[PDB]
Amino acid sequence: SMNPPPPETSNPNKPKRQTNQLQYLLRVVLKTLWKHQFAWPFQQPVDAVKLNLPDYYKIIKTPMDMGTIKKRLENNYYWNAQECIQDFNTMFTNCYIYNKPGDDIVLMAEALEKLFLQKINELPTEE
Ligand SMILES: CCc1c(C(=O)Nc2cccc(CCC(=O)NO)c2)[nH]c(C)c1C(C)=O
Ligand SMILES: CCc1c(C(=O)Nc2cccc(CCC(=O)NO)c2)[nH]c(C)c1C(C)=O
């Protein structure tokens, strides 16, 4: 069994930007979620080999995780905050698609997602 290559965190053909919203997304949103009690299963790409999940990358074709998002934010990979918010939303969506309602991993995603939504409800106005 093989894992796909991870999502890219650098691309010299992609224009980069730093905005107050993206720095809020790193300094407040990512950092808070990273330190959460249930953040461990989301801090790196799903290793479907080691977790013996051979259908995972059969079913999930846009994988995403907070390790990738952290590296994208640290590298200023994004142009705008919506790009980064979409990556979080994809991470959560994948978990809910692949797993079953009420699974442990889904209960953990639920907690992180509730905090995520509280933080982006207060996304600062673009300056
Ligand atoms: C249930 C499987 C799953 C994990 C996980 O169980 N993740 C995990 C658990 C313990 C430790 C670590 C860090 C070391 C490592 O990466 N081992 O492979 C990750 N996460 C996600 C997003 C999923 C799925 C399919 O939605
Ligand atoms: C798997 C059922 C479930 C969902 C769900 O199915 N959730 C979902 C599915 C697809 C997309 C999205 C939006 C992701 C997003 O954009 N977050 O910001 C959510 N949630 C929860 C909390 C559960 C539980 C406890 O069983």
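Any value given below was found using the heavy atoms of this structure, including those in side chains, with hydrogens, waters and symmetry copies removed. In what follows, residues are counted from 1 in the order of the sequence shown.
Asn3 and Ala48 get closest at one heavy-atom pair: OD1-N, 3.0 Å. Contact between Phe88 and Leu33 at its shortest, heavy atoms only, is CE2-CD2, 4.0 Å. Scanning both residues, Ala81 and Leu25, for their nearest heavy atoms gives CB-CD1, 3.6 Å. Across every non-hydrogen atom of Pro124 and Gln21, the tightest pair is O-NE2, 2.8 Å. Minimum interatomic distance between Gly102 and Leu107 (heavy atoms only, all atoms of both residues): O-CD1, 3.6 Å. Pairing each heavy atom of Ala109 with each of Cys95, the nearest pair is CB-SG, 3.8 Å.
One hydrophobic cluster, built from ILVMFWY side chains closer than 4.5 Å, holds both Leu30 and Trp40. Under the 4.5 Å side-chain heavy-atom criterion for grouping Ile, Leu, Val, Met, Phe, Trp and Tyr, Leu26 is connected to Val28 within one hydrophobic cluster. There is no path of hydrophobic side-chain contacts, each under 4.5 Å, that joins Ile59 to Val49.
Under the side-chain hydrogen bond (donor to acceptor under 3.5 Å, both in side chains) criterion, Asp55 pairs with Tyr98, sequence neighbours left out.
Without hydrogens or angle criteria, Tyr57 side chain to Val46 main chain gives a donor-acceptor distance under 3.5 Å.
For the atom pair CD of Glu113 and CE of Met91, the computed distance is 9.0 Å after rounding to the nearest 0.5 Å. If you take CD on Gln82 and CD1 on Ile120, they are separated by 7.5 Å, rounding to the nearest 0.5 Å. Rounding to the nearest 0.5 angstrom, the gap separating the OG atom in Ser1 from the CG atom in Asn52 is 7.0 Å.
Within the structure, every pair that satisfies the salt bridge (charged side-chain N to carboxylate O under 4.0 Å, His left out) test and touches residues 5-26, not counting sequence neighbours, is listed here: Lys14-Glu83, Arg17-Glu126.
With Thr90 as the fixed residue, the side-chain contact (heavy atoms from CB on, under 4.5 Å) test singles out one of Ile69, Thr62, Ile60: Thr62.
Other residues, nucleotides and ligands contribute more than 12 heavy atoms inside 6.0 Å of the NZ atom of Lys61.
For the residue pair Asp65 / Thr68, a side-chain donor-acceptor distance below 3.5 Å is found, with atom types taken as modelled.
Annotation: side chain of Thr19 is not in contact with side chain of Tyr78 (no heavy-atom distance under 4.5 Å).
Using the six-membered ring where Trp is involved, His36 and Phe38 have ring planes that are tilted, between 30° and 60° apart.
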